[PDB]
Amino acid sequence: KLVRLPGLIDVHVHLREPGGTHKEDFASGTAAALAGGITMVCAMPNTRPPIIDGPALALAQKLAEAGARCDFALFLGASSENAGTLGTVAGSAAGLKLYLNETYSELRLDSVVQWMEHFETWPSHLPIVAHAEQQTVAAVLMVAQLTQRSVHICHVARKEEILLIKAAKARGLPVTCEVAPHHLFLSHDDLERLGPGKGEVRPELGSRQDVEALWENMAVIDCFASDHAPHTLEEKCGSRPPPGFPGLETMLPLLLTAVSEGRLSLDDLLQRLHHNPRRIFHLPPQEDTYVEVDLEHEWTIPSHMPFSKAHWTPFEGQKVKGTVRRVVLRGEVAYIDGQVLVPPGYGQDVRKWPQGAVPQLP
């Protein structure tokens, strides 16, 4: 007896195209998404070239339209030079991404004044998401208040961060956040097994107390999002390991295991992988789209999942209960039992759908 879920949405993926296609491309990363029960992804802008201007966005849109197998929206990235220049294309993007700490990106902003300039110039009705760790969460929240608008905090990983966000919500501030599966299901206790290269990720893996604080504060978490950040094993095991984990294929099985164990409900999961992504990012419904999962099947995560070109996973060896059996996307069978059955280019840019534009005052 399968369970039918709506089309799930991952608001934080790195699909590496253009410029890092040995790590992943639109076709492989969206195959991974479909196999993970994800029918819509929002792709981050830290590509090569980065998606920081209109020509780069135009290129990325065409590469995604030609390669994506599921539907998508593309983020724009904030840079030290593009505030005030994105107004014509802003509404065609998922939102604006700010990189406020060291990570796999060349887009770090060097002054809080640059953050303010982005918050002041980006259209006020459109999403802003921030990579903001530890005190940076408080700092970007201050900038959001000074500019009288909302912000969404990416990949929250620490007790410190979730409690700060909790305090902000208690004061009625317009802040939302997401948590990635590695920060719910891995911790410092796993660094022995992973090693220092594979274990590299931003935010870094937390303590057991960090993990327990995220679970205890599930009510504060608006979304789950994978932060699918594929890099090859050679890169992760080499001299200058880039941070990041692949995660599209493992996110839903990990979370279904937690549902089966009573750690959160099916509804809690669907709020965080469907309804809240829709409402925060104004992402449209997908007609005739659903995911069928088998909640009884027990399996062990292998050394690599079938689709991501990362060809490794930090969850290797974990026992899960729950698997994706079938995905239907817009009336077509997109995935069955290990086979993706829609070609590259089946996926569409949801921001071009009439129902996918963000509503605004004239």
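Just count from 1 along the sequence shown to find any residue number.
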Q | 43 to 51 or 298 to 306, whichever carries the higher mean Cα B-factor | A | 298 to 306
Q) Comparing 70 to 78 with 102 to 110, where is the mean C-alpha B-factor higher? A) 102 to 110
Q) Taking the values straight from the PDB record, which of 234, 267, 216, 227 has the highest C-alpha temperature factor? A) 234
Q.
Using only the C-alpha B-factors in the record, can you name which of 174, 87, 203, 246 has the highest?
A. 87
Q) Should residue 8 be placed in the lowest, middle or highest third of its chain by the C-alpha B factor in the entry? A) lowest
Q) For residue 96, does the deposited CA B-factor place it in the lowest, middle or highest third of the chain? A) lowest
Q.
What third of the chain does residue 136 rank in for C-alpha temperature factor, lowest, middle or highest?
A. lowest
Q) Hey, what third does residue 258 fall into on Cα B-factor, ranked over its chain? A) middle
Q: For residue 186, return the chain-relative third of its C-alpha B-factor as stated in the PDB record: lowest, middle or highest.
A: middle
